[PDB]
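Have a look at the structure below before the remarks.
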Amino acid sequence: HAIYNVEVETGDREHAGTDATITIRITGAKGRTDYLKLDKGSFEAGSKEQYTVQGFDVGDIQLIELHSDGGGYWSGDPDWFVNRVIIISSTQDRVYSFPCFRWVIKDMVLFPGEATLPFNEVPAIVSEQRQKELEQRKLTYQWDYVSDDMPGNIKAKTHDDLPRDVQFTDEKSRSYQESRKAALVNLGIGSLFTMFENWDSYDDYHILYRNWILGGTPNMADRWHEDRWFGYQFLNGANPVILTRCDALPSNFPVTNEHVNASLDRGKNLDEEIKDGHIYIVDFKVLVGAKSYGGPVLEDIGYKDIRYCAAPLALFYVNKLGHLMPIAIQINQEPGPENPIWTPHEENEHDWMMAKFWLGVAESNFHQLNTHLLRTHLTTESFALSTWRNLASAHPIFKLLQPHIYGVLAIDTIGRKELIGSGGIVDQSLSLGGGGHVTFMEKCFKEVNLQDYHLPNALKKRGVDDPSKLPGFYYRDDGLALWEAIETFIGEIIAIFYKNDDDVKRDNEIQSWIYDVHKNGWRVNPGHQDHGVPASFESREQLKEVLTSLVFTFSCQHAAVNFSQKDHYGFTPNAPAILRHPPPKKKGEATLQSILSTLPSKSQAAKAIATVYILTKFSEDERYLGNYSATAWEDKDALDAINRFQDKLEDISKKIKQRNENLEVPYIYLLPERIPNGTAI
Ligand SMILES: [Ca+2]
Ligand SMILES: [Ca+2]
Ligand SMILES: [Ca+2]
Ligand SMILES: [Cl-]
Ligand SMILES: [Cl-]
Ligand SMILES: [Fe+2]
């Protein structure tokens with residue numbers, strides 16, 4: 001016989017423990033034991049429990065099987081979250097370590113030692129079980145679709161229909177649910193307080209964030225009205241993704257030197273500043289055709305509980321102090337007397353302010369639906385699903401992606417009801433709410449390309465990556481630093497397990513992984529551009545590029561466009577998401593009163609703040625970038641790669657803080673200690 005010393009580490013998360021009867025069957029080269037009881041004592045969350053069991057000497061241990069009887073009559077939560085099992089056999093000179101970090105329901109098969117690619121040499125029984133795991137994954141994790149024009153999502157009616165491995169932790173479920181309750185209370189209390197207020201000032205909106213715990217007054221609250229800070233936010237606000245270098249005015253945006261001459265201040269005319277790379281532009285043309293709440297359909301000319309959006313163009317200028325200044329706005333796409341060019345030098349100041357608000361409403365709806373919901377959450381969710389469908393838990397790239405894919409399946413399943421469903425949050429707080437929001441995301445998705453998720457390439461393509469021409473762009477600076485740190489780390493992980501490109505080509509799981517997304521995830525359906533998802537991987541560098549794009553997006557990109565929302569939307573006039581009247585068809589009409597009647601109502605503004613409160617709440621159990629304390633790595637070289645990655649992030653963090661000390665408005669959304677590994681809220 002053999003004596004087996006068995007140590008089981010139960011995860012610390014809530015309900016990780018169990019009182020089910022647990023047995024373990026040990027398999028090795030010489031045969032296998034029966035199921036042996038692990039009976040003495042409890043399995044509480046966070047516990048490390050030891051057992052001594054005796055049975056057939058299996059020789060070199062090759063795998064183990066945990067079995068749970070699923071509890072008895074009085075068992076409240078039999079499911080068991082196991083970090084790892086450690087076994088020592090009295091006949092083997094070796095310590096066997098079996099990482100898990102998954103929920104144990106009834107049966108769990110675990111392998112000892114380092115991650116492997118499917119063709120790496122292992123006992124036949126290990127390969128069989130690996131294949132069986134993947135077959136089961138295909139049954140549990142299934143594609144579903146909002147429509148032909150949306151990226152694939154996980155099939156699940158509600159959150160609690162999800163496999164437990166991809167549900168929120170109970171801590172995050174509580175963080176979320178309590179945040180919704182608090183929101184309701186703060187809205188109710190605020191509603192009582194402001195119930196009979198005469199709203200006749202921009203500064204009335206300040207009251208709406210006062211009784212909220214937001215981590216501080218929105219940092220734009222005292223400066224939203226200043227052109228410099230309005231411009232600033234196209235670099236450092238919630239939507240830093242659409243500004244591009246302007247190398248020629250669009251034909252439908254006939255800005256002349258005469259329009260903007262009073263704004264230039266380096267001694268040169270508009271044409272020269274364009275050539276010098278100091279002129280930038282945003283074009284919201286994708287919003288043409290958008291259907292907003294109550295019926296309005298946006299046209300190239302503008303328009304012919306009723307809400308409105310716009311598809312503006314706006315021109316910006318990097319002045320001699322390095323400030324990005326708004327110098328011209330055209331509210332909709334087709335130029336003319338009824339859709340003129342507005343500038344800071346409007347004779348009627350209220351007309352310039354109103355133009356900025358129209359630009360704001362377009363940005364808000366673009367940001368929330370395209371930049372945030374579609375291009376982080378819904379599109380990366382396809383990759384998270386494919387990870388579970390196609391990569392075995394023993395696969396090194398499963399281990400890599402596990403901390404980064406956490407959350408997105410859970411929050412998106414919750415969101416398909418609560419956020420974009422009928423009567424949902426969007427219906428209440430965005431101009432495009434009421435149904436047009438889904439059509440808009442569909443429209444945006446048809447243009448989505450995986451190459452968009454490559455930060456250096458995208459910044460280059462936009463012409464915004466030259467700090468000498470475009471200074472004070474901290475999303476860029478911090479994002480590029482983080483990108484390089486993630487890319488370097490991922491490259492080192494790949495080199496440990498993939499020794500050459502042939503190793504990549506032969507890995508049927510990673511091949512199945514990217515193919516599943518290519519064919520069933522980001523489907524190139526009628527009317528779609530190519531989505532840039534490869535059908536296969538041919539090299540280590542190509543694998544690195546996709547994984548970096550993905551991990552950066554799950555963590556950093558989502559953080560930059562989500563946790564920035566309190567500063568951005570907290571003071572509503574800084575970024576309205578609803579407007580209540582159509583755009584003007586001539587100059588001279590705007591007054592403070594007509595503007596206030598056009599801006600969101602008290603209740604619409606309050607709801608936007610409530611939503612922002614919920615979407616930006618960090619959970620008490622959040623794990624931030626590079627915190628891999630709950631990962632399943634065993635390989636010493638992999639642990640070393642992780643050490644180097646974490647030390648690099650620490651250096652990046654110090655540099656960002658030092659940078660921030662000299663800024664009027666610190667840029668903090670890309671501090672590693674504030675970036676969740678995943679997209680979970
Ligand atoms: Ca439990
Ligand atoms: Ca014990
Ligand atoms: Ca370490
Ligand atoms: Cl036995
Ligand atoms: Cl490993
Ligand atoms: Fe989010």
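Numbers for residues simply follow the sequence, beginning at 1.
Side-chain polar atoms of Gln177 and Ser173 form no donor-acceptor pair below 3.5 angstrom. At a cut-off of 3.5 Å, with distance as the only test, a side-chain donor of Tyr669 or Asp567 sits close to an acceptor on the other residue. Side-chain contact check for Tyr453 and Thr379: at least one donor-acceptor pair (N or O, by modelled atom type) lies under 3.5 Å.
Counting only residues at least two apart or in different chains, side chain to side chain donor-acceptor pair (under 3.5 Å) contacts with residues 482-491 are absent. Applying the salt bridge (charged side-chain N to carboxylate O under 4.0 Å, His left out) test to residues at least two apart or on different chains, the pairs with a partner in residues 363-380 are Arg375-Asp452.
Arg13 forms a cation-pi arrangement with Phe81, by the criterion of a distance under 6.0 Å to the ring centre and an angle within 45° of the ring axis. Cation-pi contact between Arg210 and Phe193: absent, since separation from the ring centre below 6.0 Å together with deviation from the ring axis within 45° is not met.
Among the candidates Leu615, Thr371, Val612, the single residue satisfying the side-chain contact (heavy atoms from CB on, under 4.5 Å) test with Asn562 is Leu615.
Considering only heavy atoms from C-beta on, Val104 stays 4.5 Å or farther from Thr18 through its side chain.
Ring centroid separation for the pair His404 and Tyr628 comes in under the 6.0 Å cut-off. Proximity of the aromatic rings of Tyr569 and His367 is defined here by a centroid distance below 6.0 angstrom, and this criterion is met.
The side-chain contact (heavy atoms from CB on, under 4.5 Å) check on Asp516 picks up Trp143, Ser386, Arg389, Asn390, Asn520, with sequence neighbours excluded.
In this structure, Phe398 and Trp388 have perpendicular ring planes: the angle between them is above 60°, well past the 30° mark.
The pair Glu650-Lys654 meets the salt-bridge criterion, with a side-chain N (NZ, NE, NH1 or NH2) lying under 4.0 Å from an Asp/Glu carboxylate O.
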